[PDB]
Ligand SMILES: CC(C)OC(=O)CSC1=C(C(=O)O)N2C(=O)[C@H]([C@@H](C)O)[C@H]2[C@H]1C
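Only one chain comes next, encoded as structure tokens, the form deposited without the named molecule.
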């Protein structure tokens, strides 16, 4: 007859035990008759034993900087076995919280990347990427790319196919993200891709044409950036929408009191770059719209066309600007991800 054997997922005296996984105990040639896990000051840890009595596991989040003591007894025909193990979990120098976009349960356009923004700089980008689990249905190849030291993006080679489910699990709790930095918690979001909405602003015609699944549904006269401050060419991703908003140039680095500084309240504004490009109402330039460029870079349209855009275009839809005397929108703008060539995006920049 064999004496029961106890096996635990941790070892007695271990330090730096990571807290991204549960602690378990398994019995062999016998069953678990008693399992308790207690922190430094005696508080019991929630756990559950399997019906067949063979495996116990913690069922709640284990804490950073804890010393836990596990006590287990196994009983079998051949006798008894009891063990006591004490171990210490990870002690972070710092915690960072991730924030994910887009919103949970949202429907977005075919240009929307998965966005994970940490509230601290990440020293080990690879460890962050590894901790982020993206599911797509139908499955599609995609890749991570960092816009800066805190925010990473994931997208496919081409615009999403309408009807695609996207699930994002950021499993950073218990994960060492470099230089003693650990995830403050996990976060999860799920979203779905809607209709293909692509609006093209052609500087040769000064028209903003809105296509939904390939069909023209709207043609808006526009006035883009004057030659001195032109609208950059390229692919812009639609972000937030505002019934009205005070445009403050200092938000985008430009002192209000300075030469092309400004602080103006505007109607029906749809943001399409972090650098401050909006589609918005411009009653002052309705005469110029469709004829000459007169703005600071924004896409001036009529009050009714700005409101139409507000009502009918959603986060993640696409605005393409072409044929202007500007350069190309920076790939790392914040809403310019599609201007990065796929070979470069796919290669990433985690190192």
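Residue numbers count along the first chain shown, from 1.
What comes next is about the form deposited with the named molecule bound, which does not appear here.
In the deposited complex, the named molecule lies within 4.5 Å of some heavy atom of residue 240. Under a 4.5 angstroms non-hydrogen atom cutoff, the named molecule in the deposited complex has residue 271 among its neighbouring residues. Heavy atoms of residue 334 reach within 4.5 Å of the named molecule in the deposited complex, making it an interface residue. By the criterion of a heavy atom within 4.5 Å, residue 206 is excluded from the residues contacting the named molecule in the deposited complex. For the residues 151, 184, 167, 120, the 4.5 Å heavy atom test against the named molecule in the deposited complex is passed only by 151.
A single residue from the set 235, 115, 210, 110 has any heavy atom within 4.5 angstroms of the named molecule in the deposited complex; that residue is 115.
Contact with the named molecule, judged by heavy atoms within 4.5 Å in the deposited complex, is confined among 120 to 128, 134 to 142, 151 to 159, 192 to 200 to 151 to 159.
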